[PDB]
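Here's a solo chain for you in structure tokens, the form deposited in one PDB entry.
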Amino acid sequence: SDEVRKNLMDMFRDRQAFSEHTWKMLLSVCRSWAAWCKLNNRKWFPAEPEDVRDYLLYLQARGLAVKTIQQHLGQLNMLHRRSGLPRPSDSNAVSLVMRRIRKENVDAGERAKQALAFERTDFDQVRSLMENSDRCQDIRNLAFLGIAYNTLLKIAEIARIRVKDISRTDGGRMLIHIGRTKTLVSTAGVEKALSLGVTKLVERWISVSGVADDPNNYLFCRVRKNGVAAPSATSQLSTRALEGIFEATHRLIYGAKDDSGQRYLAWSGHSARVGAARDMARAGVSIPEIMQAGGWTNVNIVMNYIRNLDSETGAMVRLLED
């Protein structure tokens, strides 16, 4: 009783031990759960196994994805475990209902998605077009897409790059030091090398932006309607802005998005990562080098990116034809 209050207070005290995104989702699920409780006059904490089961079933009925329902159950599980109480998943009622919800939906044909690919051809086409622009905005967006495709870095890591994090090989190629990504330990970090062509795109961006006037400035910053860039060492270009670049670029070439409300109708933050992976896959690059390139320590996500590649349509056929 007074012990649960402590563990909770201790978790909040050292919040920063967790990603801000984890806390955001924690509070978001809690809102959903509490709201569902208030409406069935149930106690939201500690949660009762039979109530959690009903809630999960309620989520499934709302039509949410299996992965989304796993998130809600998961946040609940952490709140309880980290407080010293047994997890809702510790009961057969909740554990069996999750299995059932996943089996049913998957049986109904539910399948997780992934970003629309941004490959070499796309990058070449975009470059052939924006190359001739003098606008600070265009020069920045081309440099960004360039680094994204070349390095496979996620939008959060690219937004974190500081001017001082850039070096150069003796061949003239730029180097980008990366320290906190989405996984890894000592603090030695890694260096991402840019091709001769892509370093040129970035160089032009540095020149027209003036972000180099201060090393602790972030590489990318905003550019206002009048074309003046606003370097900053305390503010990064929001990852939301970085997704807008991918989307605006897709609109530029293919026009306005559909009206189906669907996800992945245009390029997004992850497009260059999946497109590059599948360009290498097709190039014959080795599994280890690919994993090296994208920073993977496994091979699953990789395998998934080739799945559906047109270049993997099939062998058995010409195998029968002679």
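Whichever C-alpha set is largest while still superposing within 1.5 Å between the two forms counts as the rigid core. Position 1 is the first residue in the sequence shown; the rest follow in order. Only residues modelled in both forms are compared.
> I need to verify one thing: averaged over C-alpha atoms only, is the B-factor higher for 204-212 or for 142-150?
Result: 204-212.
> Is the mean CA B factor in the deposited entry higher across 107-115 or across 88-96?
Higher mean C-alpha B-factor: 107-115.
> Looking at 191, 243, 157, 131, which one carries the largest C-alpha B-factor according to the PDB entry?
Highest C-alpha B-factor among the listed residues goes to 191.
> Can you tell me which of 17, 25, 309, 302 has the maximum CA B-factor listed in the PDB entry?
Max CA B-factor in the entry, restricted to 17, 25, 309, 302: 302.
> Would you mind checking where the Cα B-factor of residue 295 ranks among the modelled residues of its chain, as the lowest, middle or highest third?
Top third by C-alpha B-factor.
> Pull the Cα B-factor of residue 257 out of the PDB entry and bin it into the chain's lowest, middle or highest third.
Ranked within chain, residue 257 CA B lands in the highest tercile.
> How does residue 68 rank on Cα B-factor within its chain, lowest, middle or highest third?
Tercile = middle for this residue's CA B-factor.
> Which third of the chain does residue 56 land in by C-alpha B-factor: lowest, middle or highest?
It belongs to the lowest third of the chain when residues are ordered by C-alpha B-factor.
> Can you work out whether the C-alpha temperature factor of residue 196 puts it in the lowest, middle or highest third of the chain?
Answer is middle: the recorded C-alpha B-factor places it there.
Although it is not shown, the form deposited in another entry is what the next lines describe.
> Have a look at 184, 159, 233, 136 and give me the residue whose C-alpha moves 2 Å or more between this form and the one not shown, with the fit done on the rigid core.
With the rigid core superposed, the residue that stands out is 184.
> Could you check whether the CA atom of residue 24 moves 2 Å or more between this form and the one not shown, using the rigid core for the fit?
Residue 24 C-alpha, core-superposed: shift of less than 2 Å.
> Over in the other structure, so in the other form, do residue 102 and residue 307 pull closer or drift farther apart at the C-alpha level? The difference is 3 angstroms or more.
It is closer: the C-alpha separation of residue 102 and residue 307 falls by at least 3 Å in the other form.
> Closer or farther: how do the CA atoms of residue 102 and residue 309 lie in the other form, compared with the form shown, if the change is at least 3 Å?
It is closer: the C-alpha separation of residue 102 and residue 309 falls by at least 3 Å in the other form.
> Once both forms are aligned on the rigid core, what are the runs of 3 or more consecutive residues with C-alpha shifts of 2 Å or more between this form and the one not shown?
Runs with every C-alpha shifted by at least 2 Å: 181-186, 304-314.
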